[PDB]
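Presented below is the structure to which this report refers.
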Amino acid sequence: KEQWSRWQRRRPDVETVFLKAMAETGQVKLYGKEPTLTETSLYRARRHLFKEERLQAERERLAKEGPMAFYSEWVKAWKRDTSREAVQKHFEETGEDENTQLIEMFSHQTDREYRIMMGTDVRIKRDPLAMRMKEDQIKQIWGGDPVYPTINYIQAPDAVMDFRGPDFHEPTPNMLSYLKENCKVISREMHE
Amino acid sequence: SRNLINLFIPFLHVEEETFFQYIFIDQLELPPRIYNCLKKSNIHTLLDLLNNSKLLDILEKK
Amino acid sequence: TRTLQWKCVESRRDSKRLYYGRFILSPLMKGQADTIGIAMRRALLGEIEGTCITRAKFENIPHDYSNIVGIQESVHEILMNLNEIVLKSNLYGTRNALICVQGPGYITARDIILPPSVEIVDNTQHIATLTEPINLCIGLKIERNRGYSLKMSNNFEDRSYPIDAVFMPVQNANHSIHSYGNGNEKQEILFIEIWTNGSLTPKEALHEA
Amino acid sequence: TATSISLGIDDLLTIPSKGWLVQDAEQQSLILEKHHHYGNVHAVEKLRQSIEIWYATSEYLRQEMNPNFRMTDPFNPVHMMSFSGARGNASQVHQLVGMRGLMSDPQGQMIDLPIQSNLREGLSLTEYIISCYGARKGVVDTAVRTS
Amino acid sequence: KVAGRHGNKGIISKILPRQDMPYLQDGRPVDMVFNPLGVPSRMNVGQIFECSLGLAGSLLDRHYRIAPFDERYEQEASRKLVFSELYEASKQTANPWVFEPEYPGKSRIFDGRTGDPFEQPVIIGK
Amino acid sequence: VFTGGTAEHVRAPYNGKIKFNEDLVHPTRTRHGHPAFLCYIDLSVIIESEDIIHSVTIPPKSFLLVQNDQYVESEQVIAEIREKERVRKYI
Amino acid sequence: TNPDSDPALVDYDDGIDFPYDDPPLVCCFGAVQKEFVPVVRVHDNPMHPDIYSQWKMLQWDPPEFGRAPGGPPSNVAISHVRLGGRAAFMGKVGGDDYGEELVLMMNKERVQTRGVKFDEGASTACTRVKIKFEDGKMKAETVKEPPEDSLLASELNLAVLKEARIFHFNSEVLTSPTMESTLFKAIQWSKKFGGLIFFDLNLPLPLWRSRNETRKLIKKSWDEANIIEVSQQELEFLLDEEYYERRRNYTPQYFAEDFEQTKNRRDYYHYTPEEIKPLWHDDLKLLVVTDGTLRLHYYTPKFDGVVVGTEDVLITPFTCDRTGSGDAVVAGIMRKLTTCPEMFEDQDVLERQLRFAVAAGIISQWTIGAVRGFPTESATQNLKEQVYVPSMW
Amino acid sequence: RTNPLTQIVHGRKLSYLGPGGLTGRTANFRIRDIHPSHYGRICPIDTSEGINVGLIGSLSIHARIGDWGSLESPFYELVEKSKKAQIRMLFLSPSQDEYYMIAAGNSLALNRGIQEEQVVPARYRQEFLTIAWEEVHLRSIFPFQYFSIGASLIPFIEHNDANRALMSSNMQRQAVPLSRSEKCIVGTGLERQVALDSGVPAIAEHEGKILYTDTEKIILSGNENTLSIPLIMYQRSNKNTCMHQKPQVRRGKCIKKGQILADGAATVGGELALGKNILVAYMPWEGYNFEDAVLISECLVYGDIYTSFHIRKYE
Amino acid sequence: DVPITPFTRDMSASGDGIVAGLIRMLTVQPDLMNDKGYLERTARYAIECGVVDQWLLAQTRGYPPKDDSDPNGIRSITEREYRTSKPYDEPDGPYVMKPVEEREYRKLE
Amino acid sequence: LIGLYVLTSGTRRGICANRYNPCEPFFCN
Amino acid sequence: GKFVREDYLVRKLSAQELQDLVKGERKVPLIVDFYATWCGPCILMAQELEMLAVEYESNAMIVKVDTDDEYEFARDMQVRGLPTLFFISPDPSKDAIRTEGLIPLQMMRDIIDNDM
Ligand SMILES: [Ca+2]
Ligand SMILES: [K+]
C-alpha cells in the first residue's frame, strides 16, 4: 500500500520549465513528456549554451527582419506594415527613412511595453525564451499557486490595526481601575 | 574632449519648422451572440471594448 | 533631415511634482550609446542645480520642537512641510520669501510671497493648518545649489532654523541601449527616461544635463 | 565587484537525488517501525537504525555535494564562496542545501528524530526545536573553548 | 550599526552619492549594499526570502504578515509564496527584472560608475 | 557510534537485479534487526542492469544487506564494509 | 422569447450558431448574499456571548452540521470560476448600492451576471415583516419578500439556461412562494436544452423543524434533480434522525465484532443504497453525502462508495473558517463533471475527481470569509497531489 | 525603554540566578542547557546572554504561570468522543507534559487506508518518535508556541539557524525609534500584539466619538462623558531616546474601547515599526562591504530615512 | 544655441572656427573634395568646430558687469556672476520681514 | 579571494563550451 | 463598571426579554441581532454591531439574541440564516425590516435614519 512521503512530488525547478519549453520548440528532444532529474541536471551544465543559441537567433532575426519588424512586437499601437519592403516603400513615398519611421513607431509605445522591451537591451541580454513564456508556464517554476492562500498574508500598507479583532485579547484595564472595580482599593473620597 | 562634446551636441539640436472599470458587459443588455464573442476575447468591462478597434447602436444609448 | 535624430517619445505628468519623459536617440554607432548613457546618467542625477527653502525664521517660538497655539502641526512638522515644497528658478544666490498670513485655514505653497526670480511649482502643497485666528509670519531663505544642503549646524543667525534642503530635481533616471540591427556598422538605439519633481520638465533636464 | 557574485534562493542547489534518498530512508524507517510494533525487532534495533540510516543519508548528501556542483553548476555562487575557500566550508553549505542531520541533547546522546530539511527548504517546528540544541551547545561550548 | 531581523548585523563603512551606487534595470539606485558572503557562513536564508518579498510588496502595495513555519502546509511554501508574489509584482507593474525566469529573485544591475552591467545577476529587494 | 569502528556503505551504482551465490555467505541479523548475509571471502556480486553487467567485489567481514535476484535502485545501500559507553534504553 | 411560457413550444432561438466556449457554462440559481450560512441548528457548549475572540474554538471544534457549511448559490458560482470553470448567476437584486456591490462582487470574480435582474423599487437583502404576538409568543410574517426572493418567471435569461450544462439551486428558494414557482420554470427550461439539474440542499433554519414537513417541500424538487448534494446531518434528518444517532451511540456490551471497532474511531458510516431507496428516483444520476470534508459518500444507479478526505483547520488556528467549505466541495464537483462526463459511469474516475472536491473544501477552511478565500484550481490541484499518494491521483 | 519591544520583553525574563538562585559560581552548564520540559514555556532560542550565558531566559508567548509556581503551555486536546469536551485547550504543567503524546505535525496525509493510522512525529517521555494519529493525545496548534517575543518577530525564521535567531532578538532590542517610523513590508503578525501591549500607543479606555484632536491632546466623548487624553511629545526615555506620540484618529470618528487613538515612537498604525524598507543589493562592492561592512547611499542621509531624535538629561 | 555674451555676440569666433574646420578636413583629404559623403562629414565637422570656438570665447570673455583695477580698463563677470540674483533684502520690500506695525497679515480662505 | 578565483576560473571546457562535438582571437601581446 | 468601561455595548437578551421590549414603548429604532457562537460569519458581524452601537449611543438600541438559546423563537421570527438582523421601528404601525447576510455598515446606518 503506497505510503505518503511528502517527497512524492518532484520539486519544481527552473530547469524543468525551460527544458519543457525547449522541448516544444524543437531546440531539445527529451526522452519523454516530462524531463527527468538526469536531464535537468544535464541542463544546468549546458544551460548557457542553449541560451546563447536563442540570443543568436534573435540577433539573426533582427538582422533579417529589420528594426521595424523586430521591435514592432513591443509596440501594440503600431498597425502599419513593418516589413523591409514596406519601410523602403514608405521612405520612397514620404522621404522618411527607416530611422525616422523607427522613431515614429516608438512614439506610440507605452511605458509598460517599453519596460518589457528592455529585455532586448544589448547589455541585459534577457533570455528570449523567458521573455515570451506564458504565465501558466512561469507558475511551474515554483509549482503553481500555494495551497495556503496568500490572501491570509496580505495586509493593506495603511491600516490602523483594529485591536478589537478576533485575534486580540480583551483590552487591558488600567491597574488602578480594576482594583477600584473589585473594591480592593478605596477612593480618596472614601478615605477622607 | 571633442569626441565627448560631439556626442552631446545632438541633444541640443532643433529641427526646422514648416507652415468606469466597475461596469461590465453583463449589465448592459446585449445579444447572446455578441456577448459570447466578447467573452471569448476576454472583453469583460467596457474599457476592454474601447481598447479594441447593430452593436454600437444599442451600446451608445447607455 | 538630420541623420542622427532625437525625440521625446513619451511625456507624462503623473502628478504636479512628478513629470516623466522618455527620449530616444538613434542611430548611434556602437559604444557611443554606452558612453552617452552613463554620462547622461551621472549628469542628470548629480549635475543639475535646483532651488528650495534653506532656512525658516519664526518670531515667538523658543525652538523648532515646540507647539504653536492655533496650529495643528508642530514646528518640526512645518519645517518638513517647507522642506517638501518645490521651487523653480534659473538664477543663483540666496533670496528672501515671506509667509506672512493669518488664519484660521490651511497654509499652502500658494501663500508664500516669492521674489520674481523664483516661481512656485505646486501651489497646492500643504504647509500648515491654522485652527484659530492667529497671525503667523515666517521668513524664508531660497537658494539654488547642487547636491543637498549640508546637515550641520548653521543656526547662529537670528533663530533661522535651518532646513535640510535637497536641491536635486531629478528623482530618477534610466537609459536603455538597443541594437539597431543595421549589420554594417553596428548601430544602436539609446533610450533615456527622466523623472523630475516638476521644477523642470524632463526635456529641459535632458538639455540642461 | 565587477563579477558581483550573489546568492539567490535557487542558487542553493540541492542534490538531484535527495528526494529519492530521503524517500528510500523513510520507507526503511516506516517498514522497520511497523515491525517494531509487531515485535519482530526491539527498541534498540529501531533506535540504531533510525540514527544510522539518517546519518548515512546525510553524509552521502554531503559527499555528493561537491561533485554535483563541479559537474553541473561549477559557477554556482554558493559553491564558489566555499570551494574557493573565501568564506564558509562544506559543512555550513550542507546545512543550506543538504540536510542538517542529527543534533545532540546536552548529554551526548543522539536525538532519534532527524532533520531531513535544510535551511533553504526550511525546518519544521519539531526540527527547528531540535536544531536549537546544536545552537545552544555551540554558543555554550564557544565560551568554554575560548576561556 | 544597521541590522536586519535575521541576525545580519552591519557597520556602515562608506556613504556614496546616488549616481555611483549600483542601480536596477528601472534606473533606481540601491540604498544599501550587503556582502553576499555573510549568508553562507552565518546560514540565515530568511533575509533572502524577506529581501525578495519586500520588493514584491512595495511594487504590489502590499504588506505581508506570515506566521513562522509556513512549510507545514507544503514543501517549499516560503519559496512558493515569494516567487508567486515576485511574479505578480513583475506582471502588474510590468517590471520584468523583478522576476527573472532564468534566476528568480535575482536581476542584472549596473555599475553606477562605469554604467556597464555586472555579468552575474544580483539578488535585490526591500 | 554503534558499529564500533569505520563503516563504509557500498551503494548500487546501477539499477537492476543482484546475482550472487547465497551459500557462499553466512546468515546473520544486523544491528538494525534486518536479516542479512555476512561475507568472509572475496565475494563478487553481479548487477545486471539495462545495458551491461556491473560486477562488484565485496570484501570479507562485510555485511551484505541484499538478496539474490533482488532489484536494487541506483545509489541504494547494498553492503556495509566493516574493515564503549553503556546506555540504558527505557521502553 | 417568452420566459414564462411552457418550455415545450418554440425555443428562444436567437443567433447562437458557433460552438460554446469551453469549459461548459454552469448556472447557479437563487439568492445572492455574502456569507449567510443557511444551515442553522441548535448546538451545545456555546462560547462567551460577548467575547467573539473565543468563537474560533468552535471553528476547529465545530458542530457536526457546520463542519462544511454551505452558502448562497453565489458562493458556488464564485468558487466554481476560481476552479477554472465558467459560471453564470441568475437572480434579482435591488437597485440600491448593495445590489450594485453584490453584482460588482460577482463581476470581479469573472461570474457572468447577465442573468442578474435589477428591481429598482426594492432594497437588496431587505425583507419587510410585521411583528405579531400570537399565543403569547412573538412571531413575524413576510409582508414583502426581498428582491432576492422576488425573481419572476418572466425575468429568466434563456440564453444562460440554454448554454448552462449544469443548473444549480439550493433549498432556500423553496422557502419563497415566488421563487419556488420561478424555480420549476427554470428547471423545465434547463431540461429542455439538455442541462443537468444540481440540487444542493443546504436546508435553512425553517426546514429543520420536521422531517415529514420538509420532505413534502423537497419532494417536487428532489424528483427532478439529476445531481443532489446533501450533508450527513441533512441525509439522516430526511430518513430518520433518531435511528442513526442510536447506531452511533451503540457500543457492544461484551466485545467488539471486529478489531477496528476496538479503536472506537469516529463513525464514518456509509449508508447502504437500501437506506437511500426512499430518497432515490429514476432521474437521479448522482447523489453525494458529505460528512464535511472527511467523507464523500457517492451514490449512482450502478455503484456506490465513499471517498476519504481530511480537514486541518488546526493547521492555521487563527485564520480557520468553516464558512463556504460546502460551497467549495460542490463547486469542485461541478468543475469536474462538466469536464469529465465519464464520471457518472466510471467509479474509479469518480473517486479520483471527487478528491479534487475534497481538496477544494480543505483550502476553503483555511481563510476567514467564504468568497475571500475560495481556492484556485492550481492551489486545489497541488493540495490534492500533496495530501493523497500518487496512486490516488 | 529603548523601544516598545524592550519595554515588553523586559518584564518576561527568567533569572536563574538571584538571591537563593544559582549564580555564576554554582553555574554548572546543565542549567545552561535546553531541557525537553522547556518546550512552550521557555524559549530555546532566547539564551539572552546577560550576566552569564543561559542564566537569563525568557518565557514563551503562550506560557502561563500555574497555581503551583509552574509554567503552563496550552495544547489542543484530541478528545475521542469524551463528552462535548467544552474547551479542548489545556494548559499543561511540565510534570504532566511528559506523559502525553504531543504531536506538532499536520493532518494533510492520506492513503488507501484511513487518516487515523497515518504516522506523525510526536514527543513522548522527553523523546521524539513517529506515531500514528490515533495514539496522539495533544496537538500544538499555535504558531508562536515555543518562541519568545524576540524570536517571533523574525519572518521566515525557519530558514535561519537557531543561533542567528538568538542574536536577532538581541539586535531588535537595540533598534532606535526613528523620527518618522515605517511599517515593515514583510513581518510575522506579532508586531500588532507588541505595539498593543507596550502601552506606547494611546489606547482608548472609553468608547465614543472624537470631538477634538491636535498635536497635544485628543478629546473623546462617549456615554455623555468626555475624556481629555494627553499625548507625549519629545519625552526622554531611560536610554536617551525620544518618545513622541502622533494622533491617528481624525475628528468625528467613532472609537470602540481598546482601539488605538495615537501611536508612539517606533509604532505606525498600531504595529511595531523599528526600521525602514530600503532597496538593497547583495554584492561585494570594492571592499566597502567587506565582512559585515555595509555600504549606503547619501539618499539615506539627506532623506532623513534613519534620522533619530535623542534627548539627554543633564542634572 | 551656444552661450553668447555681449562681448561675443558678433559670432565671429564661429566664423573663424567654421572655416578652420573646413580647411582642416580639406587639407587632410585633398582627393575627396568631390565626394558627397566626405563633404557631409566635412561640413558637420566645421559646425562642431564653430560651436566649440564660440563656446570657448564666451567663457574666456565673460559678461559685462550688471547695473544696480585693470591696466586696459575691462570689467567682466563670469556666467555664474551674471546669473546671480539680487538678494531682494530691502527692508521696505514685500519679500522681507517687517515690524509688527506694518505686517499686513493676509487672511486665509 | 572570490575575485581572484573568478579571474583564474578560465574558459568553459568540453561539453560546457560547445553544444555539438567539433569532430579564437590571436593577440600579439 | 463604574471605574472600568464595559468592553461590549450590544446586550444579549432572551426571547422573553426581547418580547417585552417590543411590547413596551421604544422611542428609538431597535436593532435585533440573531447569531450563534459557532457561526463563522457572525464573528465579523458582531464587531460591526459594537461599532454601530458606538455610532448610535442612545439614538438606537442594539440587542442580540443567541439562536442556540432561542432556536424555536428565531424560527418563528422567520429567520432563515444566521447573520440576520431585525430593525424594529419605534412606530408600531411601521413594518420591521429584516436583513440577511453581512450587510455593509453603511447600509445599517442608512436603514436606521431613512426607514426609522
Ligand atoms: Ca450542501
Ligand atoms: K472560508
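Note on naming: chains are A, B, ... as they come in the C-alpha cells, residues start from 1 per chain, ligands start from 1 in the order shown.
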
10 Å shell around ligand 1 using only C-alpha atoms and all ligand atoms, listed as number ranges by chain: G: 38-39, 68-71, 170-171, 199-203, 228-232, 234, 288-292, 324-330

Would you mind listing the residues within 10 Å of ligand 2, counting only C-alpha atoms and all ligand atoms, as JSON, numbers by chain? {"G": [35, 68, 69, 319, 320, 321, 322, 323, 324, 325, 326, 327, 328, 361, 362, 363, 364, 365, 366, 367, 368, 369, 370, 371, 372, 373, 374, 375], "K": [40, 41]}

Output N, CA and C atoms for every residue in that selection, as an mmCIF file, in the first residue's frame.
data_model
loop_
_atom_site.group_PDB
_atom_site.id
_atom_site.type_symbol
_atom_site.label_atom_id
_atom_site.label_comp_id
_atom_site.auth_asym_id
_atom_site.auth_seq_id
_atom_site.Cartn_x
_atom_site.Cartn_y
_atom_site.Cartn_z
ATOM 1 N N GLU G 35 -21.532 35.623 2.727
ATOM 2 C CA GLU G 35 -21.552 34.823 3.954
ATOM 3 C C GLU G 35 -22.946 34.219 4.081
ATOM 4 N N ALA G 68 -18.800 21.548 7.223
ATOM 5 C CA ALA G 68 -18.565 22.171 5.919
ATOM 6 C C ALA G 68 -19.830 22.898 5.493
ATOM 7 N N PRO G 69 -20.134 24.028 6.128
ATOM 8 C CA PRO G 69 -21.395 24.718 5.840
ATOM 9 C C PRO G 69 -21.470 25.184 4.396
ATOM 10 N N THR G 319 -6.726 31.635 11.465
ATOM 11 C CA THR G 319 -7.369 32.027 10.216
ATOM 12 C C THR G 319 -8.296 30.944 9.684
ATOM 13 N N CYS G 320 -8.658 29.971 10.510
ATOM 14 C CA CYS G 320 -9.569 28.924 10.075
ATOM 15 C C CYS G 320 -11.004 29.429 10.102
ATOM 16 N N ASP G 321 -11.767 29.063 9.075
ATOM 17 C CA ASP G 321 -13.175 29.436 8.994
ATOM 18 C C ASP G 321 -13.898 28.396 8.158
ATOM 19 N N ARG G 322 -14.841 27.688 8.779
ATOM 20 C CA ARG G 322 -15.574 26.637 8.088
ATOM 21 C C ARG G 322 -16.471 27.178 6.987
ATOM 22 N N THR G 323 -16.811 28.462 7.030
ATOM 23 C CA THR G 323 -17.798 29.018 6.116
ATOM 24 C C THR G 323 -17.348 28.881 4.668
ATOM 25 N N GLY G 324 -18.277 28.462 3.813
ATOM 26 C CA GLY G 324 -18.009 28.312 2.403
ATOM 27 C C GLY G 324 -17.341 27.016 2.012
ATOM 28 N N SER G 325 -17.002 26.160 2.977
ATOM 29 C CA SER G 325 -16.377 24.886 2.646
ATOM 30 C C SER G 325 -17.329 23.997 1.861
ATOM 31 N N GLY G 326 -18.607 23.989 2.239
ATOM 32 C CA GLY G 326 -19.581 23.213 1.492
ATOM 33 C C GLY G 326 -19.764 23.722 0.078
ATOM 34 N N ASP G 327 -19.681 25.040 -0.105
ATOM 35 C CA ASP G 327 -19.749 25.597 -1.450
ATOM 36 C C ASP G 327 -18.553 25.158 -2.283
ATOM 37 N N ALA G 328 -17.369 25.110 -1.672
ATOM 38 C CA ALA G 328 -16.169 24.737 -2.408
ATOM 39 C C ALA G 328 -16.231 23.292 -2.889
ATOM 40 N N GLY G 361 -12.415 21.839 -0.724
ATOM 41 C CA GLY G 361 -13.044 22.146 0.548
ATOM 42 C C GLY G 361 -12.041 22.380 1.659
ATOM 43 N N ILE G 362 -10.925 21.651 1.634
ATOM 44 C CA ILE G 362 -9.920 21.792 2.685
ATOM 45 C C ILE G 362 -9.317 23.190 2.659
ATOM 46 N N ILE G 363 -8.978 23.683 1.467
ATOM 47 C CA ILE G 363 -8.380 25.010 1.355
ATOM 48 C C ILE G 363 -9.373 26.078 1.786
ATOM 49 N N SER G 364 -10.650 25.884 1.467
ATOM 50 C CA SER G 364 -11.663 26.872 1.799
ATOM 51 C C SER G 364 -11.859 27.042 3.299
ATOM 52 N N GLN G 365 -11.363 26.119 4.113
ATOM 53 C CA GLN G 365 -11.478 26.217 5.560
ATOM 54 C C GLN G 365 -10.310 26.951 6.199
ATOM 55 N N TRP G 366 -9.335 27.390 5.407
ATOM 56 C CA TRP G 366 -8.101 27.959 5.924
ATOM 57 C C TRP G 366 -8.086 29.477 5.902
ATOM 58 N N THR G 367 -9.201 30.115 5.568
ATOM 59 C CA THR G 367 -9.226 31.562 5.432
ATOM 60 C C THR G 367 -10.563 32.105 5.904
ATOM 61 N N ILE G 368 -10.517 33.250 6.583
ATOM 62 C CA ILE G 368 -11.731 33.884 7.075
ATOM 63 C C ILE G 368 -12.513 34.449 5.901
ATOM 64 N N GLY G 369 -13.798 34.126 5.840
ATOM 65 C CA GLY G 369 -14.628 34.576 4.743
ATOM 66 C C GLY G 369 -14.759 33.524 3.664
ATOM 67 N N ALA G 370 -15.926 33.456 3.028
ATOM 68 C CA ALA G 370 -16.160 32.428 2.022
ATOM 69 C C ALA G 370 -15.575 32.827 0.674
ATOM 70 N N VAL G 371 -16.072 33.920 0.093
ATOM 71 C CA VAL G 371 -15.597 34.333 -1.220
ATOM 72 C C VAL G 371 -14.174 34.857 -1.160
ATOM 73 N N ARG G 372 -13.718 35.290 0.015
ATOM 74 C CA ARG G 372 -12.370 35.831 0.131
ATOM 75 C C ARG G 372 -11.313 34.773 -0.142
ATOM 76 N N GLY G 373 -11.548 33.539 0.289
ATOM 77 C CA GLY G 373 -10.529 32.519 0.177
ATOM 78 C C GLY G 373 -10.951 31.243 -0.517
ATOM 79 N N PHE G 374 -11.763 31.351 -1.554
ATOM 80 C CA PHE G 374 -12.067 30.185 -2.370
ATOM 81 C C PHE G 374 -10.822 29.768 -3.143
ATOM 82 N N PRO G 375 -10.457 28.491 -3.127
ATOM 83 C CA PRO G 375 -9.182 28.081 -3.720
ATOM 84 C C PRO G 375 -9.172 28.210 -5.232
ATOM 85 N N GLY K 40 -19.515 31.110 11.696
ATOM 86 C CA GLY K 40 -18.338 31.775 11.188
ATOM 87 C C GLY K 40 -18.550 33.249 10.907
ATOM 88 N N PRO K 41 -19.476 33.572 10.000
ATOM 89 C CA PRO K 41 -19.700 34.985 9.647
ATOM 90 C C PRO K 41 -20.140 35.861 10.808
#

Determine, using only C-alpha atoms, which residues of chain I have any atom at most 6 Å from an atom of chain C, and tabulate each with its shortest atom pair and distance in Å to one decimal place, rows ordered by chain and then rising number, as CSV.
residue,atom,partner,partner_atom,distance
I:83,CA,C:91,CA,5.0
I:84,CA,C:92,CA,4.5
I:85,CA,C:91,CA,5.6
I:87,CA,C:95,CA,4.7
I:95,CA,C:97,CA,4.9
I:105,CA,C:101,CA,4.5
I:106,CA,C:101,CA,4.3
I:107,CA,C:102,CA,5.1
I:108,CA,C:103,CA,5.4
I:109,CA,C:105,CA,6.0

Considering only C-alpha atoms, can you say which of F:71, F:44, F:30, F:2 comes closest to residue D:55? F:2

Determine which residues of chain H sit within 10 Å of chain A, taking into account only C-alpha atoms, and present them as JSON, numbers by chain. {"H": [108, 109, 110, 111, 112, 113, 118, 119, 182, 183, 184, 185, 186, 187, 188, 189, 192, 193, 195, 196, 197, 199, 203, 204, 205, 248, 249, 256, 257, 258, 259, 260, 261, 262, 263, 268, 269, 270, 271]}

Keeping N, CA and C atoms, export the residues of the selection given above as a short mmCIF file (atom, residue, chain, number, x, y, z; two decimals), in the first residue's frame.
data_model
loop_
_atom_site.label_atom_id
_atom_site.label_comp_id
_atom_site.auth_asym_id
_atom_site.auth_seq_id
_atom_site.Cartn_x
_atom_site.Cartn_y
_atom_site.Cartn_z
N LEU H 108 -2.67 16.44 6.93
CA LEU H 108 -2.86 16.54 5.49
C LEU H 108 -2.20 15.38 4.75
N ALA H 109 -2.24 14.18 5.32
CA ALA H 109 -1.69 12.99 4.69
C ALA H 109 -2.78 11.95 4.57
N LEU H 110 -2.97 11.41 3.37
CA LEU H 110 -3.99 10.41 3.14
C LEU H 110 -3.42 9.28 2.30
N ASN H 111 -4.01 8.10 2.46
CA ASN H 111 -3.54 6.89 1.83
C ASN H 111 -4.75 6.03 1.49
N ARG H 112 -4.51 4.85 0.92
CA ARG H 112 -5.60 3.92 0.68
C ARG H 112 -6.29 3.50 1.96
N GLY H 113 -5.63 3.64 3.11
CA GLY H 113 -6.24 3.38 4.39
C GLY H 113 -7.01 4.58 4.90
N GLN H 118 -2.30 7.25 9.90
CA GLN H 118 -1.17 7.98 9.34
C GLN H 118 -0.20 8.37 10.45
N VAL H 119 1.08 8.20 10.18
CA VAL H 119 2.11 8.45 11.18
C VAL H 119 2.44 9.94 11.22
N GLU H 182 8.10 53.57 10.10
CA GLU H 182 7.54 52.97 8.89
C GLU H 182 7.33 51.49 9.13
N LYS H 183 6.13 51.01 8.79
CA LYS H 183 5.81 49.60 8.96
C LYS H 183 6.63 48.73 8.02
N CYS H 184 6.93 47.52 8.47
CA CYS H 184 7.68 46.57 7.65
C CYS H 184 6.78 45.95 6.59
N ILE H 185 7.31 45.84 5.37
CA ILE H 185 6.57 45.20 4.30
C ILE H 185 6.34 43.73 4.62
N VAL H 186 7.37 43.05 5.12
CA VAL H 186 7.29 41.64 5.47
C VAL H 186 7.43 41.52 6.97
N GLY H 187 6.46 40.87 7.61
CA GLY H 187 6.50 40.68 9.04
C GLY H 187 6.01 39.30 9.45
N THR H 188 5.69 39.14 10.73
CA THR H 188 5.14 37.88 11.23
C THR H 188 3.74 38.01 11.78
N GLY H 189 3.20 39.21 11.91
CA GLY H 189 1.91 39.40 12.52
C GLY H 189 1.93 39.50 14.02
N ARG H 192 1.60 43.46 15.89
CA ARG H 192 0.34 44.00 16.38
C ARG H 192 0.25 43.87 17.90
N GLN H 193 0.51 42.68 18.43
CA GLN H 193 0.44 42.47 19.87
C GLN H 193 1.52 43.26 20.60
N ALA H 195 2.97 46.12 19.79
CA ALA H 195 2.54 47.51 19.90
C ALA H 195 1.38 47.65 20.87
N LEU H 196 0.44 46.72 20.83
CA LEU H 196 -0.74 46.80 21.70
C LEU H 196 -0.35 46.73 23.17
N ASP H 197 0.54 45.81 23.53
CA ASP H 197 0.87 45.60 24.93
C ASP H 197 1.92 46.57 25.45
N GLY H 199 1.99 49.68 25.49
CA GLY H 199 1.47 50.92 26.04
C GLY H 199 2.01 52.17 25.40
N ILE H 203 -4.31 54.19 23.76
CA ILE H 203 -5.43 53.27 23.61
C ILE H 203 -6.62 53.83 24.36
N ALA H 204 -7.76 53.91 23.69
CA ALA H 204 -8.96 54.46 24.30
C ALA H 204 -9.48 53.51 25.37
N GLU H 205 -9.57 54.00 26.60
CA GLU H 205 -10.16 53.25 27.70
C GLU H 205 -11.67 53.45 27.78
N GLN H 248 -3.70 59.41 15.58
CA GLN H 248 -4.08 58.65 14.39
C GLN H 248 -5.59 58.56 14.23
N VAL H 249 -6.33 59.42 14.93
CA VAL H 249 -7.78 59.46 14.83
C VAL H 249 -8.18 60.86 14.39
N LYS H 256 -14.16 52.44 19.43
CA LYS H 256 -14.51 51.40 20.40
C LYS H 256 -13.46 51.34 21.49
N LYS H 257 -13.88 50.93 22.68
CA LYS H 257 -12.95 50.81 23.80
C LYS H 257 -11.86 49.81 23.46
N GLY H 258 -10.61 50.20 23.71
CA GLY H 258 -9.47 49.36 23.42
C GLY H 258 -8.82 49.61 22.08
N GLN H 259 -9.44 50.39 21.21
CA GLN H 259 -8.84 50.70 19.92
C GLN H 259 -7.78 51.78 20.08
N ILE H 260 -6.98 51.96 19.04
CA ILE H 260 -5.85 52.87 19.08
C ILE H 260 -6.33 54.29 18.79
N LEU H 261 -5.77 55.25 19.51
CA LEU H 261 -6.01 56.67 19.28
C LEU H 261 -4.79 57.37 18.70
N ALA H 262 -3.64 57.24 19.35
CA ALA H 262 -2.38 57.76 18.86
C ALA H 262 -1.32 56.68 19.00
N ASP H 263 -0.33 56.73 18.13
CA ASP H 263 0.78 55.78 18.16
C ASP H 263 2.06 56.51 18.53
N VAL H 268 3.72 52.49 14.06
CA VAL H 268 2.93 53.08 12.98
C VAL H 268 1.66 52.27 12.81
N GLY H 269 0.51 52.92 12.98
CA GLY H 269 -0.76 52.26 12.77
C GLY H 269 -0.98 51.05 13.65
N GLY H 270 -0.53 51.11 14.90
CA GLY H 270 -0.73 50.01 15.81
C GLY H 270 0.21 48.83 15.62
N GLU H 271 1.28 48.99 14.85
CA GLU H 271 2.26 47.93 14.65
C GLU H 271 3.64 48.43 15.03
#

Which of chain F end up as strand (DSSP E or B) when DSSP is run on this backbone - answer as a count of residues only? 38

List the neighbours of residue G:264 out to 9 Å using only C-alpha atoms; skip same-chain residues closer than 4 positions along the sequence, and give me the result as a PDB file with N, CA, C and O atoms, in the first residue's frame.
ATOM      1  N   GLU G 260     -11.312  -3.338  14.286  1.00  0.00           N
ATOM      2  CA  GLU G 260     -11.442  -1.904  14.058  1.00  0.00           C
ATOM      3  C   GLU G 260     -12.400  -1.258  15.046  1.00  0.00           C
ATOM      4  O   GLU G 260     -12.249  -0.077  15.373  1.00  0.00           O
TER       5      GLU G 260
ATOM      6  N   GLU H  80     -11.594  11.959  22.302  1.00  0.00           N
ATOM      7  CA  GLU H  80     -12.174  10.891  21.489  1.00  0.00           C
ATOM      8  C   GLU H  80     -13.580  10.592  22.014  1.00  0.00           C
ATOM      9  O   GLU H  80     -13.785   9.718  22.860  1.00  0.00           O
ATOM     10  N   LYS H  81     -14.559  11.345  21.509  1.00  0.00           N
ATOM     11  CA  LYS H  81     -15.971  11.152  21.847  1.00  0.00           C
ATOM     12  C   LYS H  81     -16.223  11.272  23.350  1.00  0.00           C
ATOM     13  O   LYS H  81     -17.212  10.747  23.867  1.00  0.00           O
TER      14      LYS H  81
END

Residue set, stretch 33-121 of chain A restricted to alpha helix (DSSP H), as JSON, numbers by chain: {"A": [37, 38, 39, 40, 41, 42, 43, 44, 45, 47, 48, 49, 50, 51, 52, 53, 54, 55, 56, 57, 58, 59, 60, 61, 62, 63, 64, 65, 67, 68, 69, 70, 71, 84, 85, 86, 87, 88, 89, 90, 91, 92, 93, 94, 98, 99, 100, 101, 102, 103, 104, 105, 106, 111, 112, 113, 114, 115, 116, 117]}

Give one line per residue of chain A that approaches chain J to at most 10 Å, naming the two atoms of the closest pair and their distance in Å to one decimal, counting only C-alpha atoms; sort by chain then ascending residue number and deliver it as a Markdown table.
| residue | atom | partner | partner_atom | distance |
| --- | --- | --- | --- | --- |
| A:44 | CA | J:16 | CA | 9.6 |
| A:45 | CA | J:16 | CA | 6.2 |
| A:46 | CA | J:16 | CA | 5.5 |
| A:47 | CA | J:16 | CA | 8.6 |
| A:48 | CA | J:16 | CA | 8.2 |
| A:49 | CA | J:19 | CA | 6.2 |
| A:50 | CA | J:19 | CA | 7.7 |
| A:53 | CA | J:19 | CA | 9.4 |
